[PDB]
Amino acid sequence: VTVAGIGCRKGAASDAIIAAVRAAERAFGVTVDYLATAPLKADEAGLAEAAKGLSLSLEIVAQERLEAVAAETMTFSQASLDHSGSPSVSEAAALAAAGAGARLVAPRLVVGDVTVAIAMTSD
């Protein structure tokens, strides 16, 4: 199971998100079967519409859960990230939705101004 964590600036078109996910799939040789995000801000419709377009489920991960995941990856689950220290918001969202013990399999990707983080889980 592979999760794509999505971050974007307030006011992002659904087709920009869709393009970003499919570009991530091609660039990394993965196939996303689940979408994830942090608590969405002022604009929220673009991301929800893109999940519909991609025919994928979306998990809007609570801030408490994001914080927990970020804390875990800095203590004993440091093998979950492929960079130093704290995960980014999108990275922590993908890892939270992925669950235990997921890991990040690709470097942080920005396509336009949509951030895509890919995580894969144990199974």
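Counting begins at 1, following the sequence as shown.
- Hey, which bit's got the bigger mean C-alpha B factor in the entry, 52 to 60 or 36 to 44? Comparing averages over the C-alpha atoms only gives 36 to 44.
- Item | Entry-level comparison of average CA B-factors, 10 to 18 and 102 to 110, reporting the higher stretch | Going by the record's values, the stretch with the higher mean is 10 to 18.
- Taking the Cα B-factors listed in the entry, which of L66, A97, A27, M74 comes out highest? Highest C-alpha B-factor among the listed options: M74.
- Message: Based on the deposited C-alpha B factors for this chain, I'd like to know if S84 is in the lowest, middle or highest third.
- Response: For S84, the deposited C-alpha B-factor lands in the highest third.
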